[PDB]
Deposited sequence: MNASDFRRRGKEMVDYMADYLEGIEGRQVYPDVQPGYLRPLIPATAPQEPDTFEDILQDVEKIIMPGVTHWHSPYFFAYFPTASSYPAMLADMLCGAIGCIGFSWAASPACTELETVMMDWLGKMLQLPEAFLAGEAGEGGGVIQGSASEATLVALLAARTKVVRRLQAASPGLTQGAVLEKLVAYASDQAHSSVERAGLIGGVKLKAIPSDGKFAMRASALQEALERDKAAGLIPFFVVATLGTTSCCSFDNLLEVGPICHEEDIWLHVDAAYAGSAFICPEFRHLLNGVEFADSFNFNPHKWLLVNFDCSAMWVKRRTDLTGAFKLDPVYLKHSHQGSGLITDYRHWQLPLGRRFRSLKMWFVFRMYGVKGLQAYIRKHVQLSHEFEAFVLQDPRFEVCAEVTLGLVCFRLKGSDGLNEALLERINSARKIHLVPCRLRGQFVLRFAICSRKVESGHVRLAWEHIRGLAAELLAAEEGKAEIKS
């Protein structure tokens, strides 16, 4: 079709989007569709002749929607939030229209330059040390990665390469294969699975560092592991410290870990995928104290900062430390900052979001969510039948019906079968725990109260 048709159709799509989001509260959050349901509802072959937009759009309602899990219903309380905001959407539309591939500066200077500048804005909102800012003459800078799992993998590969170079440039005969055999990487036992994948791909060993009572990685445990391993002939080289674990949203001790990785000369990567967004708020910024020591810091604006998915923010103090694994001031070659060669004009989304919401708007959004999270915690704290399993700092609450894991597995089964709200569990020291996460952009105190009541009702029934 041509421009004229797109004005028509494109505008129809906008109303569709608005309708879907406007009425999302009337959607059943989790689907009843069975695995493999879709293939039989669709032809076996692409059509030879065109189909009608109208026809395709109703297929969306009648066939696709039944297999959709609505992350944006205020009743979606699973995992962590995924971002979705009108400003990013508008931006995404533009990005697609300009349709450039920023694999090189010449392919579109702006695709590259807006990114560096936006990463600096965000860097400043987080109050990161100047060492991470590109500016006009800093050895550091930031880049948009596809996801936190990729950011982590990129850091590990940069670390791996850096340690192999140092070792070979000090031991002539030395082969890389030799160095890999003894390379060890560490992460909290609460670390995300993206770390294992990273070690797996990078071809190195990964060890877990037992966490403390507050589920945090401490200097003590880390040091022990290091000594134990150096003494065994191994070579520590990478450590991922997590800020806002996926289990209970706890925080590794950065002021204790940073100094250790520094003195031991270990690449320290900080994965704050979820909690990172909160650091633009003074109240929480302390949680990030210690970045000073990090070689690379990452968090997902596509989780809790309203920038629609496909937007993870990563910073490093020495651009060449990163650039070297795939080979000041202005950056022109992002292709040495990530795994793939191509990339979209993703920074448009950050720009539209940061500009259309403003810093204050963003801070409010986060606080409202943390407020809602504490309201839920209160409910649980008020009912003697339940218990709150971990300190509640941000938008996640881990609760439990006082009793056995069997009793709790049961409550969960009854909650999901009821199809009103959607929750996910996790194990916290082997114990079965239920997670309550504030997600949707449009969640209100009302949704939480109703959600709690519904859970309390089911627990009661189950208890009789």
No C-alpha positions exist for deposited residues 328-339, 477-486
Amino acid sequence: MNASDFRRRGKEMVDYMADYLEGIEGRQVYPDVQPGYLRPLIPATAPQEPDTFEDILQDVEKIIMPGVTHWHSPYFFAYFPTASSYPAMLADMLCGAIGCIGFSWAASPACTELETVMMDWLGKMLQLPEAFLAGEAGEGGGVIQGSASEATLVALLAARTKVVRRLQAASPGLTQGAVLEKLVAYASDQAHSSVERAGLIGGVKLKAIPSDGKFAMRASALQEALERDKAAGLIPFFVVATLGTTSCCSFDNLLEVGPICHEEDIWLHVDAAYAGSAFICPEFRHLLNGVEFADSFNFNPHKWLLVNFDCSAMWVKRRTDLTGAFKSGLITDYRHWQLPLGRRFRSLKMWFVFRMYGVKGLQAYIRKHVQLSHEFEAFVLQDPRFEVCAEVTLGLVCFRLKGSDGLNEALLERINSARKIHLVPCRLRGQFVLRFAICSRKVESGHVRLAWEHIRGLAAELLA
From here on, numbers count along this sequence of modelled residues.
Mean Cα B-factor check, 111-119 vs 159-167, entry values; winner is 159-167
The stretch carrying the higher mean Cα B factor in the deposited entry, 260-268 or 237-245, is 260-268
Looking only at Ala221, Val143, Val307, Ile280, the Cα with the top B-factor belongs to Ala221
Of the residues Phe386, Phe103, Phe77, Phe345, the one whose Cα carries the largest B-factor in the deposited record is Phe386
Sorting the chain's modelled residues by C-alpha B-factor and splitting them into thirds places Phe436 in the lowest
Here the Cα B-factor of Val443, set against its chain, lands in the third termed highest
Assert third(CA B-factor, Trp351) within chain per record equals lowest
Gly173: CA B-factor among chain residues, third -> highest
Chain thirds by Cα B factor, record data; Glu130 belongs to the highest
